């Protein structure tokens, strides 16, 4: 009864360097040092910086153009850094995208504006619409709040003044209102959560404050009004007189309590203290990894891992049976578009790459976020002249699905194939949201992209919000919002020259050669190719009647059928409900359809830019401008896919939303691509022949007949070795003294 051998993944070396992953620590250090030695940039370190300096917002690898990468992979691009500067030594503060290279840093190294990969052509510059993060509080919000401190005490026994005794918090909208040169704020009071709980987004208080914060001089900012209980007041005097008048309606606060906390609560059900089932890996990891080149192979699949600050995880050069199917697959942006009868919730339209997925891709809880036997990679990100490493933030694992891949029974025999699949997973927790992203690979050739949501909802005050959600607590509205997450799928099916084919199942009344002048009500296939970008923005059909295929017309199979891959919403999807959003303007045009196809260009690498929110009337990347009538008939196309959900939170979203139901996914599956089903090549299948009450034969096809043992420790033990974020200072470069 020998122990099972839980062997780690195989150590292999990727055939090519990983030209996408990111900067090495040294490179990032060299570039930082170089940038500070450029007096024209006149940069200050974060530690020394305040609100009126020039600082380094980001230093990362500039990803090479596909036209550079493909000849390196198929037949080594010079590395360059992408740098972002926050220039606040000015009354017109701005963000600046630049290129620093060539690397390694040398006398030959230069910098220049970067405007190639953006649709806005402004030398990589966009305004910084929130340059006074501190001053907006100390010289404005807190002063205004002190104007009504007596009122906030009477309403909720609280104050927000900027002191230790503060029991209230003030914040509002994203993006800020950007009508006609002006920059306008709508803010709300919130109750604070108890110490060591993250429940503030469940504690709105319902008093709103409109501010014109145009310019960086607080003596020129104006108080445009207040709102409470659906009544508007132009001035503070008018609100104060109304408040203390007899008959004034005072509404209750939301106060923190067990209801808003994630701890165990309520009756423990029968037998739940016993161990639930646990997935184990008797032979360990049945895949191969290059840890240095962040490269993975599993069965017939291989791919490279990439990771940035904006969108976190990304996959490159995804191949199947030695042949590329996707040059690039990755998150592009996440939208959280709200609506409400109040101005704060009405105005929220989060574009998460502003905050970044990479910085909040924290370490996973082993055994919970992924199975215990999963292999775990690191990810890092640059901020504040520091490299932050999130230890064990990616996970990789095989998983035996609760249902088999295939089967067939008869009166004489039964056969079944197991469904063993591979998953690459990341989880980013941006403030209150927990997005869990998963990339699946299956033995039938199916690639899956999924997202699930959990964490805290961004709540809304109950008062008069009947048309925009449910009341789910004493003074709480669940509110409403659309999640829309855009993914870039650069399919290069049997080469770059591809076409989108729509294969539709549609009703027809039809006559036939055997019908005899009679007709029959039946159905038919309707086939058409998307010819141009003019007709390339579409939605999933009524009754799922239209299938969408990415094919290569120049590589048909032996039956004249173009080889390709079907894209289907396996777990359901949804695009933005709001038409011509007032919040977004031009900032998220990708959110308007489920499936969008454009011709590939190296000057259109991403569907978004992190600071689209800074200038919604003229964003760096305006996705709309990608559509200029280019041909999509056997050219290099990119399929842009939205995963998404319509979320009207109910009482079951308290304390947190659950991953079971907050779910959205698409799947890429072979379509007339192979001679047959490739899952049949697995040994992990069986055929039992049977008669007269017993099995006569059991064919197991060369799979393991191993008998072995495992000792199961409680996974919670490993939780004690949770460390979190490992910081290394990069200027001055001090890699031997990490800290937290």
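Residue numbers count along the first chain shown, from 1.
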### Task
Please count the deposited residues lying between residue 75 and residue 76 that the model leaves without coordinates, and give the class: none, 1 to 3, 4 to 9, or 10 or more.
1 to 3
### Query
On average, which has the higher Cα B-factor in the deposited entry, 232-240 or 445-453?
232-240
### Summary
Looking only at C-alpha temperature factors in the entry, 307-315 or 176-184, the higher average sits in 176-184
### Query
Hey, out of 278, 591, 654, 377, whose CA B-factor is highest in the deposited coordinates?
377
### Message
Highest Cα temperature factor in the entry, among the options 602, 630, 134, 272: which one is it?
### Response
134
### Task
Looking at the entry's B-factor column for C-alpha atoms only, identify whether residue 677 ranks in the lowest, middle or highest third of its chain.
lowest
### Query
Among the modelled residues of its chain, does the C-alpha B-factor of residue 403 lie in the lowest, middle or highest third?
lowest
### Query
By its CA B factor, does residue 19 count among the lowest, middle or highest third of the modelled residues in the chain?
lowest
### Message
Among the modelled residues of this chain, does the Cα B factor of residue 482 put it in the lowest, middle or highest third?
### Response
lowest
### Summary
Sorting the chain's modelled residues by C-alpha B-factor and splitting them into thirds places residue 440 in the lowest
